[PDB]
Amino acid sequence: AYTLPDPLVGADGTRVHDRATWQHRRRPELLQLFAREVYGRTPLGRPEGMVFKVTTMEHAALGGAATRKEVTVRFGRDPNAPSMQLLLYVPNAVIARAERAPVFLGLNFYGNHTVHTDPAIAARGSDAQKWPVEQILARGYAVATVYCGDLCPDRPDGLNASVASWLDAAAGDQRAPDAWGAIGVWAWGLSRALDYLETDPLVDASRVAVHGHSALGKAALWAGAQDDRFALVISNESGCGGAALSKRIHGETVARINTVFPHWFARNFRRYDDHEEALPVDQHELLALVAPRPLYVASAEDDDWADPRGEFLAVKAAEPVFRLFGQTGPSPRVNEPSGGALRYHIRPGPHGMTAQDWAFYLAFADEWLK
């Protein structure tokens, strides 16, 4: 309903005509703009006392198909420091051929133990529909995951884990207006998980597909935009403040998300409640920050809350940046992916993450990672 800012027009009106101007001038502008006005600033990268502890390693998980590691990523040296728990499945066929496996990495909503029924994972399997682990493994990809609540609660009435506590305490009684919220913390945790993958000799951290569904897809996008080590970015039905254009004011709006989830974004993002016309950015520019690395955005046909048309139109509005790198986006009809390095599909049915979503993502990763 409101015109989108041009990703190729700088803050001073200069037109960006090449990928070198983009990477060196326009990219840092937009990152700062999304930091200040939407997600909050990421206040640290790698902490100096980060410690990796492999707590379990099972060489014959899932009937022999995968090696399974559970890893404590602790962010201080004191063994009582805050930490997150990474679960990693590696396909044993890939290990057997002395290859480092490409990886699908994403946060989960209900706990590492919910991604598969595997009773050794430290409500089991109750989220299996969104996590076809054996099929990903059979296709030759490792699967790495961390529970989002290790880093920050999902609901505003959630319990704090040690990492959320540490950040909560650091925020005193109130956050600064440009301080990060849950999506920024979630994105940061994905980059710390990638830090671990760099050290694990079973996996190729240069071939990591960072994915997320819904709120954790907001986080995957923000992680991929800030951290260009990620090889490929997948946003499944991330909706408002993820891939959907805020200025379309369709489905969930800025005021609605900030009201129900006041810890997800920066306080500054609340200044755009029922004022999306004033946003100096929109989500097509977040998609653009992933270029030239491959980016997959997908919708569900009945998921009006997420604004599927707004998600597709953000992909289209980001395409000119991808075209600076000679990549192509979508030219769509249901169940027909479209686009080259910048890809979109919309499937029938409700909000969710299905076998067909993953079939499309696996084929995408095959093209770019295998």
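Numbering starts at 1 and follows the sequence shown.
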**Message:** I'd like to know the size of any gap between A122 and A123, counted in deposited residues with no coordinates: none, 1 to 3, 4 to 9, or 10 or more.
**Reply:** 10 or more
**Item:** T56-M57 interval: deposited residues absent from the model
**Value:** none
**Request:** Look over 242 to 250 and 127 to 135 in the entry and identify the one with the greater average Cα temperature factor.
**Result:** 127 to 135
**Greater mean Cα temperature factor according to the PDB record, 170 to 178 or 276 to 284** = 170 to 178
**Prompt:** Which has the highest CA B-factor per the PDB entry: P262, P82, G217, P102?
**Reply:** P82
**Fill in**
Comparing C-alpha B-factors across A318, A306, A65, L31 in this entry, the winner is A65
**Asked** Taking the C-alpha B-factors as the PDB entry records them, is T117 in the lowest, middle or highest third of its chain?
**Response** highest
**Message:** What third of the chain does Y110 rank in for C-alpha temperature factor, lowest, middle or highest?
**Reply:** highest
**Request:** Going by the recorded CA B-factors, say which third of the chain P201 sits in, lowest, middle or highest.
**Result:** highest
**Prompt:** Among the modelled residues of its chain, does the C-alpha B-factor of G76 lie in the lowest, middle or highest third?
**Reply:** highest
**Asked** Would the CA B-factor of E336 place it in the lowest, middle or highest third of its chain?
**Response** highest
